[PDB]
Amino acid sequence: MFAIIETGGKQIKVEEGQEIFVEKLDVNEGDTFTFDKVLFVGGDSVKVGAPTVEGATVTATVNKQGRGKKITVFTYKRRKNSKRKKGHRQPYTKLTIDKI
Amino acid sequence: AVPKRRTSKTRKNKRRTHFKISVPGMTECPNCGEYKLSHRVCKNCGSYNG
Amino acid sequence: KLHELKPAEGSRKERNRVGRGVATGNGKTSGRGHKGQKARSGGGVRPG
Amino acid sequence: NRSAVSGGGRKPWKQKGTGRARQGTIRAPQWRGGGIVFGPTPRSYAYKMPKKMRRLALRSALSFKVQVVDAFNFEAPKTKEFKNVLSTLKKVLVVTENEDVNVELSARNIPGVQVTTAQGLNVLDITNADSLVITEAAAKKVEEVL
Amino acid sequence: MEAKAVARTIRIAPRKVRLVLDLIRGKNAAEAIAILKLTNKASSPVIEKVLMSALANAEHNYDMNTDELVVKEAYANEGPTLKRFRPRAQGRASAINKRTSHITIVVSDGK
Amino acid sequence: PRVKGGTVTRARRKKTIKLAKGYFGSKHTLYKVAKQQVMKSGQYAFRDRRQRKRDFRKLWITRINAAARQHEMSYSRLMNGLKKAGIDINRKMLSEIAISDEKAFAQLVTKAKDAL
Amino acid sequence: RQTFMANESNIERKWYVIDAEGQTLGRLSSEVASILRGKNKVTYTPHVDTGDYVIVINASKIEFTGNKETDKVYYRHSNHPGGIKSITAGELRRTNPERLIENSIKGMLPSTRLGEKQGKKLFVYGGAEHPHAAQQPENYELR
RNA sequence: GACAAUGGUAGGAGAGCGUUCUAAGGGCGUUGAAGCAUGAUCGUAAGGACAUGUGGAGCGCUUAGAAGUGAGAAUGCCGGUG
RNA sequence: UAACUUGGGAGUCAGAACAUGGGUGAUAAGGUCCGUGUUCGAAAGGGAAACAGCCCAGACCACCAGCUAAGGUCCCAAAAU
RNA sequence: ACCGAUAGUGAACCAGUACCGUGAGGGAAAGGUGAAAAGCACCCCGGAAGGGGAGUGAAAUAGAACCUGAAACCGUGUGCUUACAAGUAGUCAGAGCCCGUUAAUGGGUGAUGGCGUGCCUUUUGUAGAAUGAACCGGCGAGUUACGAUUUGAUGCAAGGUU
């Protein structure tokens, strides 16, 4: 009994009791959150998929809301005195999938 | 000629892999009680007895 | 007040300081372009 | 700079056949022990500004102090008497008339107290102070000046 | 326990000494002195001195049997080099490095 | 006043030598080679993020094509079956669905052939 | 995120046996190389050989097309000055067919450290008898 | 909110970090300052903290001011060392 | 949705290939000189095996999402034996 | 709002000295124990040097090569890995093995797979076989005085200003 949820312009194969990591959602720490973009459900249970299954949904607890590891964005043009350094901590939110 | 490129301190140690010196090939003297070098006169006390 | 001083907004500016790095914009050649009679210490031809 | 450091005036090597870099003297900047390219020179730092702005800065300093005792009476310079006079009333600026040479003496040893006269009112003196103690006469003399 | 002996500013190159020190490292203390007496190298006598001082320090200050003392460690470290000059030809002149070494030996019962 | 450069050069050069560890030989000891290799590392990482996206796209297509051939289809004929039967899931999910459930991927292949 | 990668304990490997009689050399070699690298299976990952072991038999019976028997000179250089050697496919089909098919297939696998592992999973015999009875080889037909 | 823009050499414009010192204010420090070593830390960068060892007596912090104010390139100079 | 004016500040005055209209050369040259255009200069990404200038296309940053461009779908090597 | 031992005088030190030159003349490097010498009595190895204890001391890894004590460089030990492999030495993916932090999608190593011809300078154009750099550390390049010009701020205003 898994599913495929469309969350942030990306699909995710999700089973229960699993912790998942998604782009930033507006909710705060420790909250429920219902996924509606579910395109395909069921493993050993059933195999039903439409553009969106439209009968099934998912519910997750908003476990945490943070920022990934700072990747430094460095790059340069050789012999032409041009270089550029940036930083980036892409923000994420981690969720526990409570029910399907 | 002259070296075209300075030698790393890896290639150096590889080339010095074989810069060992073996032990002499010694034994113990049955008379002197100590180590002599085989087929030689005993350093410590005297005799050869071969 | 002598430990909170504030010159009038817009009066002071920090001088331009060339020849210190390539991220300022005036580092390598220091605003003079490449070779020539005017990229040489000693000025160009006299004015006029 | 190059003109002042001792020695030099001799090209060390020939510039052409050595193999070393071409140098001109041992007292050039890139060396050690010779030559400072720019830097300190004995030069003044003061400047001026118009009379009216000077007077307006002094008026603004006194204005922010406002944002006054009788005459001082010290026969002998006795710093404890002055400390009492300051306690009954610690960045004090005690402004007097022309000069009383027993109040400057009574007060120049106390840390945080500065004494002066109505003809000698700085702006650094004023703005450095937490209080002004001006006499009845010095108030009027500065109202006459400014 | 452990007993060390250090000989400092021994006037021999350190990689003319590590040749011999790569032998007696790990050995018993008896065969160590046997080797260090029988070898041809010029580093043997000074290392004989140092290893015997290590064993004597053991048996006098720490009082551990001079029968089971195995050379736990032995190593040379660089020292202050005397830098000299040699006349080459055509007016040139080349440096010379009369280098030194610090010879440390550590004998321990292993208990 | 005089301002002699001290413990400001050292700080940033140390910061650059920490940043290059695991490098062969003088790359992790010396500064003028460690700096060059750190710059090359930054450029390579910038490039390799985009190419990482491309690599996994290739791998997903490869495994979907390996699954469909066991079901008498192609990658192309199948992926046209989908999007013409009815819009469906992407390549990563579809590949690892072919991996986990061999029993729903064939569901999809029948529903795709039904797109004719 | 989630993308299954093949490990040493995930992988399986199978034994196939393909008649090389009547097949064009390259039309068969492509199929075989596909099998060898291992992308007939869904657990394809690049950095490991998830492919299979293959036993090509009847290598003295492959067919060329057109004037390729007398043409199609194989060359090889001996790294000595002026020493280059040559052999035509007709003379390599009777003298050593088990090198004909091997060279065809191994030119279609990558030249990497893992491509040589896969390169030495190919077992080619000129004949109908292969000594790998103890391996449970499977039939295989050209897809 | 919505839309739009954000490759860049010579070059033009803006905003900043960091070092030494000075004034003022407020602080830390032999119950351990500066410095040095290590670290898996915070910032969009220059960079800023924190913790432990080492060290033994001075240093931050805010706001202004002044500069001998930032080094990888000069067959650069001096020392050390390959 | 630019344009001009008046001001402060510059850099540039060694250009290259490609298509094209010509001169010169020999309907030689990756030649040389001019008109028009594009790209490189100062431009990374994909294709041309590799390859500044050729075809596609202009990188604010992250993503293990989707659609196409030149060019391609037997294997190396992604997609039609 | 001058330097703090490569600085400041060439010279913080018995320096115009070592040294160099026939000569006129040129010319360096060289600072720091500790609050106090209290500067290591005695024992052991050794020919001595040098050590190991034992003491002085607040500290001796402050023992006169004496405040801290960086890097290049030289070693000893050990966790992961490597003898069929073609390497600008990294980067992305990634098993396996070993650990355990500023506790957060951890750290070290790295079988293997994809991509990938250093940096400056000069050039129409450089991986370039064009230049330059052995490596490490320190020092080392748009400054000041006076005028002109335009811009921002401030002060007054047919006046402004010394």
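Residues numbered from 1 in each chain as written, not as in the entry; some residues may be left out. Chains lettered and ligands numbered in written order. Part of a larger assembly, values for the part shown. Heavy atoms only, no water.

Method-wise, the PDB entry is recorded as coming from cryo-EM, at a reported resolution of 3.1 Å.

The name that the PDB entry assigns to chain E is 50S ribosomal protein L22, with the source organism given as Staphylococcus aureus.

As annotated in the PDB entry, chain C carries the name 50S ribosomal protein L15 and is attributed to Staphylococcus aureus.

### Some remarks on the overall build of chain E
Regarding its fold elements, chain E presents three helices and five strands. N-terminal to C-terminal, the α/β element order of chain E is β-α-α-α-β-β-β-β. Against the 2.2 N^0.38 benchmark of 13 Å for 111 residues, chain E shows a C-alpha radius of gyration of 17 Å, more extended than a compact globule. With the C-alpha coordinates aligned to their principal axes, the bounding extent of chain E is approximately 60 × 25 × 15 Å. Relative to all contacts within chain E whose residues are 6 or more apart in sequence, the contacts with residues 24 or more apart total 73%. (Helix = DSSP H or I, 4+ residues; strand = E, 2+ residues; numbered from the N terminus. Rg over C-alpha atoms; globule rule 2.2 N^0.38 Å. Contact = heavy atoms within 4.5 Å.)

### Describing the state of the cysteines
Residue and element names in this part refer to chain B. Counting across every chain of the model gives one disulfide over all chains. There is a disulfide in this structure between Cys32 and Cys42, and the S-S distance comes to 2.0 Å. Of this pair, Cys32 sits in the loop between β1 (26-28) and β2 (35-37) while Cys42 sits in the segment after β2, placing them ten residues apart in sequence. For the residue pair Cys32 and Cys42, the accessibility class agrees, reading buried in each case. Considering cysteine sulfurs only, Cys32 is the nearest to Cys29, which forms no disulfide, with 3.4 Å between them. For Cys29, a relative accessible area of 7% translates into the label buried. Looking at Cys45, it has no disulfide partner, and the nearest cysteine sulfur is the one in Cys32, 5.1 Å off. (Disulfide = S-S within 2.5 Å. Buried < 20%, exposed > 50% of the residue type's maximum accessible area, 1.4 Å probe, protein only.)

### A short note on the interface of chain B and chain E
Interface extent is often summarised as the accessible area lost during association of the parts. Contacts between the two partners involve nine residues from chain B, matched on the other side by nine residues from chain E. Of the roughly 990 Å² buried at the junction of chain B and chain E (both faces included), carbon and sulfur atoms supply 77%. Linking chain B to chain E there are zero salt bridges. The tally of links between chain B and chain E comes to one residue pair in polar contact. Among the elements that make up the side of chain B that touches chain E, the one with the highest residue count is β2(B) (three residues). Residue composition of the side of chain B that touches chain E, grouped by class: seven nonpolar, no polar and two charged. (Buried area = accessible area lost by both parts, 1.4 Å probe. Salt bridge = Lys/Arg side-chain N within 4 Å of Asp/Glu carboxyl O. Polar contact = N/O pair within 3.5 Å; in protein donor to acceptor, adjacent residues only side chain to side chain. Nonpolar A, V, L, I, M, F, W, Y, C, P; charged D, E, K, R; others polar.)

### A word on the protein's contact with RNA strand H
Near RNA strand H you find 54 residues, and of these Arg67(A), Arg17(C), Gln30(D), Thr7(F) and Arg12(F) are the closest. Expressed as a percentage, the sugar and phosphate content of the atoms of RNA strand H within 4 Å of the protein is 72%. In this structure, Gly19(D) approaches RNA strand H through a main-chain N or O atom, which is 3.3 Å from a base oxygen. Elements with a minimum of two residues in the surface near RNA strand H: β8 (82-88) of chain A together with α1 (9-18) and α2 (31-68) of chain F. Here the surface near RNA strand H gets seven residues from one element, more than from any other, and that element is α1(F). Among the residues making up the surface near RNA strand H, the classes are represented as ten nonpolar, 15 polar and 29 charged. (Near = heavy atom within 4 Å.)

### Here we look at the protein's contact with RNA strand I
What surrounds RNA strand I is a group of 43 residues, the closest being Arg49(F), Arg52(F), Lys53(F), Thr3(G) and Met108(G). Take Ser76(F): an N or O atom from its side chain is 3.5 Å from a sugar or linking oxygen of RNA strand I. Between RNA strand I and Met108(G), the relevant distance is 2.6 Å, taken from a sugar or linking oxygen to a main-chain nitrogen or oxygen of the residue. Mapped onto the surface near RNA strand I, the elements with two or more residues apiece are β7 (71-77) and β8 of chain A, α2 and α4 (91-100) of chain F together with α1 (25-37) of chain G. Among the elements that take part in the surface near RNA strand I, α2(F) stands out by supplying 13 residues, more than any other.

### Notes on the arrangement of the chains
For the seven pairs of chains in contact, the largest share of contacts goes to chains A and F. The closest approach of any C-alpha atom in chain B to one in chain D is 17 Å; the two make no contact. Taking C-alpha atoms as the reference, chain A and chain E come no closer than 40 Å and do not contact one another.

### A few points about the pattern of salt bridges
Across all of its chains, the model carries 15 salt bridges over all chains by this definition. As a salt-bridge pair, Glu143(D) and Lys140(D) come within 3.4 Å of each other at their nearest N and O atoms. Of this pair, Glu143(D) and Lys140(D) both sit in helix α5 (residues 136-145), three residues apart, which is roughly one turn of the helix. Taking the relative accessible area as the measure of exposure, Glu143(D) reaches 53% and is therefore exposed. When its relative accessible area of 48% is taken as the criterion, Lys140(D) is described as partly exposed. Linked by salt bridges that have partners in common, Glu2(E), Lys72(E) and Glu73(E) make up one network.

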